[PDB]
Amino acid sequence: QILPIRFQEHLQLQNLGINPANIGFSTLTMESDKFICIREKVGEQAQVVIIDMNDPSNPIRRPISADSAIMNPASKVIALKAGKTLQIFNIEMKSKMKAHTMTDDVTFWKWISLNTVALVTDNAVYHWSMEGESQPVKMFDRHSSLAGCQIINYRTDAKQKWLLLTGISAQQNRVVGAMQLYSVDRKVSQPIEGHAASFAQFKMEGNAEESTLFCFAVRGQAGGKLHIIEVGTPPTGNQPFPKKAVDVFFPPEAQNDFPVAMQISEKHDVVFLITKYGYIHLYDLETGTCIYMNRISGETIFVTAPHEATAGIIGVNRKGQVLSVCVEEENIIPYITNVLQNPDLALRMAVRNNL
């Protein structure tokens, strides 16, 4: 009928020659929709395969000896690491911009801005700006509640005043999610059960200033839930953002499936939530009203990034299939109005988000 979301397949890494074996969390990265790095090993010559999303058919291969590679969100500047050794190269100008040696192994790192790399070690989190001659800065000490977890994600609000680290572990025969929410201003951490989340800016009607929101999904003991709350003291003169909560569904077949990704379109004010096993959920950022929900991938999804173009969400799955999902501006309203029979939400989305 009509869908309130458009789905699209942009690539099949396997048609590019990549080995399925390297299509996974620890060997294929996608820091942004502009590139995809895959570490393969032909003979004992490990090497990275960079894929320009604008030239899928021309992947450049280069010998590397890094245990991890992560291309910058906006340019052919790449971060490589080997143990405590970190180097950033400007591929195009064939040079090493910066280099640093950590006094701990980095368990997980990722770009969190056009110029800043976040480094996670077993017990602390650092931010490393490429701006000038800067060296890692410890942002905060890991909370004991993540001790032992496999770190899977780090996120930040816009002003980098709220940080969210996330790890997952097996407990009770179920994937449990552990998150640490740290406030740069009040120097305080907060343990939160959660699997996926993201931050978002939002100007409530009647508010002069925007509001910083923290939205997370969790499949806890009470099943699936999704919260949306305002983080920190509201801007002077502003107003609270009512905390919102709504469960996230999980059919009976998906018994040990859980949330693995979350992008938020500030363009439509919606929350895309993907589960490990191919489920896509649409939620209104404002009310938390679950707009849509179906299955976009039979293979598991391990990585995603904002699809800037559509204001949606892009991602790779275990088969090498690169797919996206965005709001189908042409019908989101009609769908909400008719199919969902939610006149209020629809009247609001249109007006609010000028659809």
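Counting begins at 1, following the sequence as shown.
In this crystal structure, the stretch out of 20-28 and 332-340 whose C-alpha atoms carry the higher mean B factor is 332-340. According to the PDB record, 87-95 carries the higher mean C-alpha B-factor of the two stretches 87-95 and 175-183. Between the residues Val325, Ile291, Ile60, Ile36, it is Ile60 that shows the highest Cα B-factor in the PDB record. The PDB entry gives the largest Cα B-factor of the residues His127, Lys267, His227, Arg142 to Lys267. For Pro251, the recorded CA temperature factor ranks within the middle third of the chain's modelled residues. Ranked by C-alpha B-factor against the other modelled residues of its chain, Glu131 falls in the highest third. Among the modelled residues of its chain, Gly312 has a C-alpha B-factor that falls in the lowest third according to the deposited record. Placement of the Cα temperature factor of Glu205 within the chain: middle third of the modelled residues, per the deposited record. Compared with the other modelled residues of the chain, the Cα B-factor recorded for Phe214 ranks in the middle third.
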